[PDB]
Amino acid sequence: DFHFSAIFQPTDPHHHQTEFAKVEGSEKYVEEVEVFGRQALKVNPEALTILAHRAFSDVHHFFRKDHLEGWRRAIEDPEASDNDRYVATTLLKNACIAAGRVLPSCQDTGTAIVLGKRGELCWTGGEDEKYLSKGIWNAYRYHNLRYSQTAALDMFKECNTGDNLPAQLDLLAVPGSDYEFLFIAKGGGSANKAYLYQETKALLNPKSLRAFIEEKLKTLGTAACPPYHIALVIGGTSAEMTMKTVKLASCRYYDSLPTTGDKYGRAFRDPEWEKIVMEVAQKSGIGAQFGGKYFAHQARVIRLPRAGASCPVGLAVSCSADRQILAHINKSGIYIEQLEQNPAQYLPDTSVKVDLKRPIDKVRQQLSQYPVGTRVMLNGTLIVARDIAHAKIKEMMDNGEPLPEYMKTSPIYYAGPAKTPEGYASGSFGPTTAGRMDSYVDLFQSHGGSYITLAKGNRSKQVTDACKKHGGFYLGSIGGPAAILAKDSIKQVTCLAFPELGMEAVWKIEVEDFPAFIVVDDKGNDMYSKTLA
């Protein structure tokens, strides 16, 4: 016989376990009507603008409960290292600064990703993408966020869009008369740690699957600001269907899934292997960015059906800028997920001063006296440059032009600033993944620059070779707390070169008491070699 069985069978398909708050007066944009015997809902498209505006505004200032609980868990656990409690407190204190509705929680305000489920009898006019984008356009223009989207004029010529557009508008056709949503402010670092592996039947056994998890979790590293929300998907009907599942699973969108499969190949969570992923994360010693136990907040494992020959595997994380918001529109109005507004209640209840107001050769001498893992406090001037800045500088040296003088005077800060609020010295200004500028380290160091670099995440072995060769260093900043570094450490920000690039321009900043860890010294040591071998 025939029996239809949906792949995803969530016992809470409308997310009732989430607390919502209705926008004041939002019932003027909806009207319940009846057509041909069926109840419909007439939605003013201006409601989609309001919803995307409020969603992509508040999500950069508040977090969910399960995200804040994980930070408190890293502080109150006796088994957490001193670095775990240090990073967890720095992020929680950063979460309190962001709650002021002025600074975003992280400088990477991220890509706007909208998963919309429009009912068959939910009528908006059809221009949902135009109206949702306008709400997103207001969120990033009129608030101290950052334009992070890069348009391609051809295959290689790029420019910023100036409005954090386009967005990923994944609008689906679902039954009913409502309009359910899921807004995601996916950061760049956590989006780059969405890995796709094509596997076989040989993987599907407890011995090989655990070894797979042990092997692949190390590839995440600390380049996406742990503690993570590790998501793992085994199987799938296609590569994109697996990567979409692991993306939503990282947002706890599929938590209501069953925990047992049937003869119809339904999706299900496997809590047994969720605990196994957490055991591998804790035993790894990678910890919260700088060694410890709390490498991950929690794990979600989903087992999907597969073809007899195919077995794709998805692995993705949610960074410390865990930014998702559930929402829906019905006859009552616009309801949007309520996020925790008082993060201070989750807060319970050894450093070395380094001044960069010297010749950089004198700063290099001081850093050489301390081993990897030493906590340092930078006080001086930094030169900020990232992906596009490094790419242009290399093209100058390939045309005979010299290495610019700003690359040699001060340490290099891999960072991209958000917009500065009125009356503030600097907007959110946190570090960026260092590993993306690894191919420029040896080249720039052999030309008398980039001796000291300040960023976030583990770097490749070629960088340690270049540092032990040219006598350089790599300082590892706490990745994540961009708001507290703006209101405390950074005192002055000035543009230096390439103002056409927006965030990715060359900046000169003056910092005070900037926390960082010595990750790579001039002797060939890497503080991540023990845990990320």
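Start at 1 with the first residue shown and count on from there.
The entry models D349 and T350 with a gap of 4 to 9 deposited residues left without coordinates. Just going by the entry, 393-401 versus 269-277 on mean CA temperature factor gives the higher value to 393-401. As recorded in the PDB entry, 450-458 is the stretch of 450-458 and 181-189 with the greater mean C-alpha temperature factor.
If you compare the C-alpha temperature factors of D438, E79, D128, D170 in the entry, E79 comes out highest.
When the Cα B-factors of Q298, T150, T381, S320 are read from the PDB record, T381 comes out highest. Residue-level temperature factors show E19 in the middle third of its chain, judged at the C-alpha atom. In this PDB entry, the Cα temperature factor of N144 sits in the middle third of its chain's modelled residues. Remark: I50 belongs to the lowest third of its chain, ranked by C-alpha B-factor as recorded.
In this PDB entry, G235 carries a Cα temperature factor that places it within the lowest third of its chain's modelled residues. Ranked by Cα temperature factor within the chain, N94 sits in the middle third according to the deposited record.
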